[PDB]
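A short reminder: the numbers here are calculations on the coordinates, not readings from a lab. Methodologically, a virtual Cβ is constructed for each residue, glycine included, from the backbone with ideal geometry; neighbour enumeration extends over all protein chains shown.
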Amino acid sequence: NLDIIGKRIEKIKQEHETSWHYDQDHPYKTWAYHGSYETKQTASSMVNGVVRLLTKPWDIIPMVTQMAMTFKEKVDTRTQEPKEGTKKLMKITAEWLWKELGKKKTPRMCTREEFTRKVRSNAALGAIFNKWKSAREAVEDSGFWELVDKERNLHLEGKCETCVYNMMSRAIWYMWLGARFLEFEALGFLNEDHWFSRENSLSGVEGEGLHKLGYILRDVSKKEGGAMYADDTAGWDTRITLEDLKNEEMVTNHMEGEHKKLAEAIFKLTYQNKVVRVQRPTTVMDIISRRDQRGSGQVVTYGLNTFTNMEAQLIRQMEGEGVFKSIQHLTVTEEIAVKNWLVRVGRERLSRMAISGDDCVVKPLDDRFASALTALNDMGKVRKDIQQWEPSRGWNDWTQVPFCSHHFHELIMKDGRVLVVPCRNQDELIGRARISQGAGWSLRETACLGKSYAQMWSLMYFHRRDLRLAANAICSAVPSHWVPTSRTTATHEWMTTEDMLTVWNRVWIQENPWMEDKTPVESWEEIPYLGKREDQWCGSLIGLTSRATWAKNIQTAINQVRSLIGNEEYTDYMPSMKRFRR
Ligand SMILES: [Zn+2]
Ligand SMILES: [Zn+2]
């Protein structure tokens, strides 16, 4: 409590002395409330005109058009302390898991240099605008780094002054760039050095890419076992316990010298104790605190979500296999059995999972896993959209399993080679590509974002008739040499000015470990589509009059956009498809 957060609270109090008031009508039960001060301010979703003009049939599809229009009673909830048996299972599993992850990796500090390069090609390192305009400016100014130095020496002293969250099933906690640097300095190694790669962690998929995830799920399928289970947690971040935060902090046991102390301070001062400012319209700024739940940078959140999810799913697998009888209390011989299970089969059991933060797929030894719920419920990882004690419904077809918002199709090329391709409802793909975020987009920047979506579709979603055609239309409508952009940057091989067929060959043939025959593909016509009925099942408009007219008259739509952008160098990509190839 207040001895760790008081300095932070006291500093905010004194910057708003003409405002500070201990409000009585405060809406907090589960958060500690400390006081309020005077403020007033608010970013909606804007439409990408280049993508919309080239996807006219979708202008009358509500699932697309509604995406561009327009719980915080989940953040104000409180998870119960797990039983002693649950706490023991988690501590033994976490200790074993950090050792496995660290066998072939060395924890290390991330550098001002690495941080500087990051800001200077835009990663979403959720910072705030204000003493400098942007992050790009602060990073060049030596005053900033003296502010970083002050706080850093405070963290070595076991104290914190400026590491405060700003709050804005979602909730995003920005800190100032200084706080984010110190987080990145101490814990950036987890992402930067790929601790959650599939090579290193066996369950993880960090850095694997949407063209690899389907092949990974198919490899899990080839294990002897029962169904595939893919249970979502209801509000994962809100269900992270103080016990979870303490098992995560054990990564510091693998560290040394200064790094060890810097990492311990991030865990102690910013994760296990938190200070947050929230805008209330009644407009006052509330300064509130709590010990539990997830509130880190999005990239550290991803790695620690993956770790604690891997831990929770190994414990659920232990319960299914009868390694322990009750969560109330582990006997001495049950502890030795849990330890022995981990040593003996732990790595095999990790290989049976695919885990991406809070998202998992598990192929357990058998279907006893379906009803093994006491540990999972007692850890607070309560399943979404199913009654607390109802057995999980598993999948018997790896092509049906949901993972990272996708399902995966097995697609045989005319030459017999096998592509395992990512897919989702096509209304979701078109509806997302029609949205831009933020203000001051030039026509050129809007066109270059359209091109980024077009290139992503050609690489990942080439098997969807509507998207291959729309991609070629967008690429034909945007100047050939203009560089694709995004504003929040899986591996993004579509972000390039290289010929996308050369990129398709590198990703799907040359660099694909599941493809033994490395014969290059010479044209887009060698590259197959889903069955027409499967394409309709996954949202295609093939067969509709609106879609037929759009396809037939596509050069008229391309010419409309070219006329808006003006007299530039364009390429006609439409003859890469049979029907336009004369
Ligand atoms: Zn601090
Ligand atoms: Zn599909």
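Using the Cα gyration tensor of region 90-138, with a ≥ b ≥ c the square roots of its eigenvalues, what is the shape: rounded (a/c below 1.5), prolate (a/b larger than b/c) or oblate (neither)? Verdict is prolate for region 90-138. For region 541-582, the average shadow cast by the Cα convex hull is 3.6 nm², which is a quarter of the hull's surface. Out of every Cα-Cα pair that region 243-317 contains, those further apart than 20 angstrom amount to 43 percent.
Whole-percent P(r), region 152-250, all Cα pairs, 10 Å bins from 0: 11, 26, 37, 18, 7, 1.
Based on DSSP H runs of at least 4 residues, each adding -39500 (n - 2.57), what is the mean residue ellipticity at 222 nm of the chain after dividing by all its residues, to the nearest 500 deg cm²/dmol?
Value at 222 nm, helices only: -12000 deg cm²/dmol.
Global dimensions of the chain from alpha-carbon coordinates: Rg and Dmax equal 25.9, 78 Å. Among the GluC sites (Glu not before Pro) in region 194-242, those located in a DSSP loop and surrounded by at most 15 other Cβ atoms within 10 Å of their own Cβ are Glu224. Counting every other Cβ atom within 10 Å of each residue's Cβ, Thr491, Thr545, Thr93, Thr18 order from fewest to most as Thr18, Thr545, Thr491, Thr93. Dividing the convex hull volume of the alpha carbon atoms of region 58-134 by its residue count gives 340 Å³ per residue.
When Rg and the Kirkwood Rh are both derived from Cα coordinates, the Rg/Rh ratio for region 85-185 amounts to 1.06. Here the scattering of region 364-454 is modelled by Debye summation over its C-alpha atoms, one equal scatterer each and no solvent; at q = 0.20 Å⁻¹ the log10 of I(q)/I(0) is -1.04. Among the GluC sites (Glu not before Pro) within region 498-547, those in coil by DSSP and having at most 15 neighbouring Cβ atoms inside 10 Å are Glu498, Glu511, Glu516, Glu522. For region 425-582, the alpha carbon positions stretch 47, 36, 31 Å along the principal axes, listed from largest to smallest.
Taking the inverse of the mean reciprocal distance over all distinct Cα pairs, the Kirkwood hydrodynamic radius of region 459-515 comes to 12.9 Å. For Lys13, the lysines whose Cα falls under 22 Å of its own Cα, not counting residues fewer than eight places away in the same chain, are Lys29, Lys40, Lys131, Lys150, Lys159, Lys274.
Taken over region 269-361, the ratio of Cα radius of gyration to 2.2 N^0.38 Å equals 1.53. Note on region 511-582: dipole from Cβ charges, positive end direction compared against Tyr570, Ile527, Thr556; the farthest Cα belongs to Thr556.
Estimated translational diffusion coefficient (Stokes-Einstein, Kirkwood radius over Cα pairs, 4 °C, 1.567 mPa s) of region 1-148: 58 µm² per second.
With neighbours defined as other Cβ atoms within 10 Å of a residue's Cβ, the residues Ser296, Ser201, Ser405 order from fewest to most as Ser405, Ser201, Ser296. For the chain, the Cβ-based charge dipole about the Cα centre amounts to some 920 debye (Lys, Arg positive; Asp, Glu negative; other atoms uncharged).
Expressed in Å, the radius of gyration and Dmax of the Cα atoms of region 298-448 are 20.6, 68.
Computed over region 202-295, the Cα gyration tensor eigenvalues convert (square root of 5λ each) into semi-axes of 35, 22, 13 Å, ordered from largest to smallest. For region 426-490, the normalised intensity computed at q = 0.12, 0.15 Å⁻¹ comes to -0.28, -0.44 (log10 of I(q)/I(0), Debye sum over alpha carbons, equal scatterers, no solvent). From largest to smallest, the equivalent ellipsoid semi-axes obtained for region 244-283 from the alpha-carbon gyration tensor read 30, 11, 5 Å. Listed by chain and number, the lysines placed with their C-alpha closer than 20 angstrom to that of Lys552 are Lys56, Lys532, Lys578; residues fewer than eight positions away on the same chain are left out.
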